[PDB]
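Just so it is clear, the values below take in all heavy atoms, side chains as well, and ignore hydrogens, waters and symmetry mates. Chain letters run A, B, ... following the sequence lines, proteins first and then strands; every chain starts at 1.
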Amino acid sequence: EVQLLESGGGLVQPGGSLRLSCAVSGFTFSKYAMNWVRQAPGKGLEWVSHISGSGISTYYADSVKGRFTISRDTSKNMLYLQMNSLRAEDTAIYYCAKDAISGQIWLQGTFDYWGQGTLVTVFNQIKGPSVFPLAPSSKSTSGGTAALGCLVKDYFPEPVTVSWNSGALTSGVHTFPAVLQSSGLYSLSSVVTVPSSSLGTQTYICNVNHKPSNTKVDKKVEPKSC
Amino acid sequence: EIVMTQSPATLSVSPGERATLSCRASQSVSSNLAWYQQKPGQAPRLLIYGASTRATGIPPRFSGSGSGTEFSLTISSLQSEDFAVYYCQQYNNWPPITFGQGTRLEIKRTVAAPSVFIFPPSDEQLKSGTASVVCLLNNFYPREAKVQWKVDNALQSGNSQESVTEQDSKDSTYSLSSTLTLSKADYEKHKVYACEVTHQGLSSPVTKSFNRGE
């Protein structure tokens with residue numbers, strides 16, 4: 001089994017520098033070209049750099065030329081990506097990809113093995129969220145379905161975790177994907193639909209965790225009564 | 001650079017059906033065209049190279065055809081594990097290696113109408129100076145939906161953001177939030193805040209609203 005293990009991703013400041021590593025096993029490293037390919041959040045695949053089996057020839061996507069440098073230590077089964085002058089558009093998962101073909105350079109360009117990827121996140125600040133109730137009202141019929149939730153606002157980086165009633169409440173919960181606001185901070189809502197008859201009798205608390213800021217909030221969500 | 005175009009971006013199919021995915025190149029890439037499969041949380045895996053040759057261990061229901069600028073990937077009898085995003089990629093003229101932007105195979109289901117709910121900003125948030133107004137569209141299909149914010153019957157633009165869930169693992173519906181953000185001073189100028197939802201499962205648009213101070 002061939003194996004590709006990326007590491008070195010993490011939080012990095014704009015203009016800063018990060019060195020990605022990919023450790024390699026299960027095939028003769030020297031006989032294969034390698035590549036880095038990246039995937040920004042919610043986006044498709046974008047090829048970043050290529051290095052030939054000999055390490056002599058290197059190619060780069062236009063947007064990273066002069067900023068990133070690919071290299072290999074063939075005697076140690078290691079592939080590297082030195083990333084300097086990091087920009088917000090470099091935030092992405094970075095995969096090392098092995099070329100499928102060994103000794104026919106005109107047939108290269110196909111990636112038969114990929115690592116699980118390492119995440120690079122360009123960041124300006126580390127910030128815990130503010131949590132606010134999405135309170136149900138009598139807007140929903142007292143003999144139908146009601147909706148309540150928690151708005152989890154202005155945090156960086158991802159992720160937050162949201163549970164309800166310490167994990168007792170899972171049925172009907174939707175926690176939306178985070179969206180980056182124009183301020184550069186994330187925001188999301190977690191909502192749950194409950195029978196209207198349970199309002200008042202049943203308590204509702206969302207438990208929001210943001211590990212990067214050591215923020216833990218337990219926010220009561222209560223009906224407003226008009 | 002050779003631009004690769006994948007249309008449609010989303011393909012609604014059921015297990016057992018036949019799925020045909022289109023990939024087009026801006027210039028001829030001869031037969032040097034690959035296809036990848038990617039499931040959420042996973043790395044891509046190679047399915048097709050040479051535009052028709054199946055990679056190692058790829059089951060025969062995957063078939064690739066085409067040359068020049070027109071390519072397709074066909075799954076003859078779709079299995080549940082095949083629901084994923086599919087990328088085409090040329091290696092005829094590189095650098096740069098270029099990818100299409102992907103085609104997602106969505107699980108097909110019957111039309112379901114969204115349930116609509118509106119949430120005023122909390123009193124706690126207004127105290128901090130901002131108002132977030134939330135409109136929720138719960139458990140609908142298909143994904144296409146129009147949300148319009150009206151503030152005292154005045155149509156809003158440029159001040160809302162939308163988020164959509166991934167297809168639910170049990171019922172294959174979508175849910176959507178629309179969040180309208182206003183300054184506290186702006187929020188307090190107006191009375192009626194309304195969310196108007198247009199969707200195929202609705203015979204007419206549905207509006208949910210509230211009155212600010214009440």
Side-chain angles (χ1 to χ4, degrees), chain A residues 1-12 16-27 29 32-51 58-61 63-64 67-73 76-84 86-100 109-123 156-159 177-178 180 186 211-212, chain B residues 34-47 55 81 83-89 91 96-102 104 166:
Chain A
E1 294 294 328
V2 317
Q3 294 279 87
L4 301 184
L5 254 289
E6 302 89 346
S7 64
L11 279 167
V12 59
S17 79
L18 251 195
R19 173 156 167 122
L20 300 194
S21 287
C22 172
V24 169
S25 76
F27 69 99
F29 190 45
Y32 292 93
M34 311 273 323
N35 306 255
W36 290 95
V37 176
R38 77 178 169 191
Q39 181 156 44
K43 254 78 163 293
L45 299 166
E46 176 182 39
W47 170 84
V48 174
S49 183
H50 168 276
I51 181 162
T58 62
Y59 304 101
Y60 299 89
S63 63
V64 307
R67 303 192 301 117
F68 295 5
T69 308
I70 192 175
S71 76
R72 72 184 299 145
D73 185 340
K76 310 230 181 173
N77 283 17
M78 299 302 293
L79 168 74
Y80 306 95
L81 186 71
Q82 183 52 57
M83 330 153 65
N84 302 326
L86 268 151
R87 314 161 156 171
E89 44 254 39
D90 303 315
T91 293
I93 305 184
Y94 287 73
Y95 309 95
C96 54
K98 168 191 155 310
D99 197 286
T110 282
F111 319 132
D112 65 338
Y113 284 103
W114 301 61
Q116 261 321 126
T118 191
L119 178 66
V120 175
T121 304
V122 183
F123 90 102
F156 205 92
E158 275 209 84
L180 194 100
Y186 288 102
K211 295 214 136 193
Chain B
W35 286 91
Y36 299 86
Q37 179 189 66
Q38 186 176 38
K39 323 185 127 173
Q42 294 174 36
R45 71 169 298 160
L46 175 78
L47 299 162
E81 32 277 58
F83 282 109
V85 178
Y86 291 87
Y87 296 101
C88 70
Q89 173 240 302
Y91 54 101
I97 291 271
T98 48
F99 290 86
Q101 294 327 297
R104 181 169 65 95
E166 274 164 287

Hey, what do you get for [atom1] ([X]) to [atom2] ([Y]), rounding to the nearest 0.5 Å?
| X | Y | atom1 | atom2 | result |
| --- | --- | --- | --- | --- |
| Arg72(A) | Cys22(A) | CZ | SG | 10.0 Å |
| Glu46(A) | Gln101(B) | CD | CD | 9.0 Å |
| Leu47(B) | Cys88(B) | CG | SG | 12.0 Å |
| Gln82(A) | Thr69(A) | CD | OG1 | 7.0 Å |

Provide the closest heavy-atom pair for [X] versus [Y] in the form atom of the first, atom of the second, distance.
| X | Y | value |
| --- | --- | --- |
| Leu119(A) | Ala92(A) | CD1-O, 3.6 Å |
| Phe99(B) | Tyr87(B) | CD2-CB, 4.3 Å |
| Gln116(A) | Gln42(B) | NE2-CA, 4.0 Å |
| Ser17(A) | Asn84(A) | CB-OD1, 3.3 Å |
| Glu6(A) | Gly117(A) | OE1-N, 2.8 Å |
| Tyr94(A) | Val48(A) | CE2-CG2, 4.4 Å |

Quick check on side chain to side chain contact (heavy atoms under 4.5 Å, CB included): which of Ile93(A), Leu20(A), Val64(A), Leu81(A) does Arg38(A) satisfy it with?
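Only one option passes, and that is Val64(A).
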
- From the options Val120(A), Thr121(A), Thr91(A), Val122(A), select the one residue that forms a side chain to side chain contact (heavy atoms under 4.5 Å, CB included) with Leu11(A).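 Result: among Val120(A), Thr121(A), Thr91(A), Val122(A), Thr121(A) is the only option passing the side chain to side chain contact (heavy atoms under 4.5 Å, CB included) with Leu11(A).
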
Sub-6.0 Å ring centroid separation between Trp114(A) and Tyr36(B):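 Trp114(A) vs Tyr36(B): aromatic centres under 6.0 Å.
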
**Item:** Over 12 non-hydrogen atoms of neighbours within 6.0 angstrom of NZ in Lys39(B)
**Value:**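 Yes.
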
Modelled atom types, side-chain donor and acceptor of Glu158(A) and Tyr186(A), under 3.5 Å =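 No, no side-chain donor-acceptor pair sits under 3.5 Å.
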
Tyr32(A): which of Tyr113(A), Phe111(A), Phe27(A) passes ring-ring contact (aromatic ring centres under 6.0 Å, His included):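 For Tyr32(A), the ring-ring contact (aromatic ring centres under 6.0 Å, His included) check succeeds only for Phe27(A).
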
